[PDB]
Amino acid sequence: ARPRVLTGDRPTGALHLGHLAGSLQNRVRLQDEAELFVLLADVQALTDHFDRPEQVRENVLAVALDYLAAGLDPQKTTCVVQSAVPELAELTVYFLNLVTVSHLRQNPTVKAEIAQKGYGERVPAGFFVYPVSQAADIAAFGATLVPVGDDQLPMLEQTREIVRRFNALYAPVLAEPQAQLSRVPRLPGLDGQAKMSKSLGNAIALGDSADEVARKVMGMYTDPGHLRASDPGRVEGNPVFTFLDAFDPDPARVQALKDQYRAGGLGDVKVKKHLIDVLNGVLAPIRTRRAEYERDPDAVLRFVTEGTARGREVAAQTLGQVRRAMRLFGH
């Protein structure tokens, strides 16, 4: 617990295996060697789900359950609800003056999201400026370390430019955050697509039963040109093997399987059955905790209402120095 680390998820659905490999495992490690803050960004979730406020509200507790199921320790990690800390909103408006529409339009990750969203020019204001509200999140909690995939770096770098702009303009009162680069490639979906997502219908939820997990793995995309076991098959592009590199505890088995698969005679069945065994080993403890916490709804609520109290107090302090530094009337 030395550097304060900030991470988070906009609450829009249940977490899945992609989040586990992409951010959860690394977060369970961080809680023991840093002070970890996780933001349930329901406000940010609203920049594009403003038409589905029920969906957002219900997922705040569902993702919290997922964090805990994942292994995030209520006595180690501060879980906070963005909605319950208005200090963030207050800070993002001040931050809006430190950035240009021009530079906001150049952000490559938002540009790509809008592209995939098909918005066109009909981009909702809140979404267009969300990178700043995130900057507000980082500075307010006073995080100095932010886990990031290269897809979020422009979010992070802008944060850096903003804090830098704020300190030089008013007074050097905000910490400059540093990135904790990557998590190695993103977990592809069950049918082989680049992205794993509920929406795309190719995911395995952390909450999926051991049976379901087995079924989902069975119908996984493999190798279009591999038609029967005797045939040789390709590893690259084949998610069954991409899943194995991200969860299989022993690469010896992994590399061995890869061998015999390019050879021939090793059907998808024997490989997949082995995937099932490795996934059930990573997931079983996550399923037990999740079921346990289900019996203890009060324990999950305590997890968030308390992280929130802490988060509120921290953000409140920062705004105090921000207000004074900005020379705001009465400070």
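The first residue of the shown sequence is 1; numbering continues from there.
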property: Per the entry, higher mean C-alpha B factor between 197 to 205 and 138 to 146; result: 197 to 205
property: Higher-scoring stretch by recorded Cα B factor average, 233 to 241 or 85 to 93; result: 233 to 241
property: Out of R302, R290, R29, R295, residue topping the C-alpha B-factor column of the entry; result: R295
property: Top Cα B factor in the deposited entry, candidates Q152, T159, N167, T78; result: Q152
property: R215 - Cα temperature factor, lowest/middle/highest third of chain; result: middle
property: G71 - which third its CA temperature factor falls in, relative to the rest of the chain; result: lowest
property: Position of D268 among the chain's modelled residues by C-alpha B-factor, lowest, middle or highest third; result: highest
property: Chain thirds of CA B-factor: placement of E306; result: middle
property: Assigned third (lowest, middle, highest) for the C-alpha B factor of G189; result: middle
